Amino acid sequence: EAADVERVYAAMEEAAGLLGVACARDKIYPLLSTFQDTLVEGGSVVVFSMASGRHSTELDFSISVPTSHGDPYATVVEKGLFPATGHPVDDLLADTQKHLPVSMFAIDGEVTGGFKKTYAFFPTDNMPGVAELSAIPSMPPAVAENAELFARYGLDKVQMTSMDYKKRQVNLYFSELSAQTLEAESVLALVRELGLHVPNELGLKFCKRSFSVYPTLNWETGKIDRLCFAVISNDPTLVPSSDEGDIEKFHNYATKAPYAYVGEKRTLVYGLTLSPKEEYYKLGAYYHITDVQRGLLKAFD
């Protein structure tokens, strides 16, 4: 539909506007069109995300894609929207659907860079463990090499994975997190072992509230690149930063972000990311939501 595509792109520029970021129709429209059948309000999930620090000059957009529409990476390559990297990452989405039950897909893009990643979601009542994932042939060797570490902190069930084709990186979105895993003592030992930035009292309180935790891995080394804790809420003042600059900008985005589901309050998902040298914050404001998110808010918010 022309209306859906134009409606989503309209909301996108608006969201980008709040952040003072410029959009590139050339790299956005061809993508939205290819997946126009998914933009139908109802069982669609659309997110517009911002990030602090050195990552504050970009706007990412995530869009769900039902499995019925077919492998989305196969789609973007075939239509000439993205080139095969000639790297194992080219086979991972496909190999994942081959070895595990994939219940849904999603793609991610940037308003100025275009397509950059896909997601493979697994059934909430049949998620794979680290063991099952590391078995996929094109999966980074780093996952198996980190199996013991993950196990030591209770990181077991994975609700979904993502593949970043430009950075050749994979995210493991761990779910059903035990209270222990998210307690300060556990979080600190984990970061310490992964050699990441140590969070303070504010950061740790935020981690304790997390519904999802995700490490980023690569094919070059067994060293985890970064670790992110995600929080879902309607509260627009949850950014885990003490910098008046962030506290301001994020609250702004959080209360002025465009969303279609008028009648309810914006669904927000905050993120605290820890890399070896720093810590930065992220915020996704859902434009489209489904009951999945409605349920998460009752369980964690």
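One-based numbering along the sequence shown.
The mean C-alpha temperature factor is higher for 130-138 when 114-122 and 130-138 are set side by side. Of the two stretches examined, 81-89 and 171-179, the record assigns the greater average C-alpha temperature factor to 81-89.
Listed residues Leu274, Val46, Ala260, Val269 were ranked by CA B-factor as deposited; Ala260 comes out on top. The PDB entry assigns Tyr280 a C-alpha temperature factor belonging to the lowest third of its chain's modelled residues. Among all modelled residues in its chain, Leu32 ranks in the highest third by Cα B-factor. Among the modelled residues of its chain, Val40 has a C-alpha B-factor that falls in the highest third according to the deposited record. The PDB entry assigns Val65 a C-alpha temperature factor belonging to the lowest third of its chain's modelled residues. When the modelled residues of the chain are ordered by C-alpha B-factor, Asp108 sits in the lowest third.
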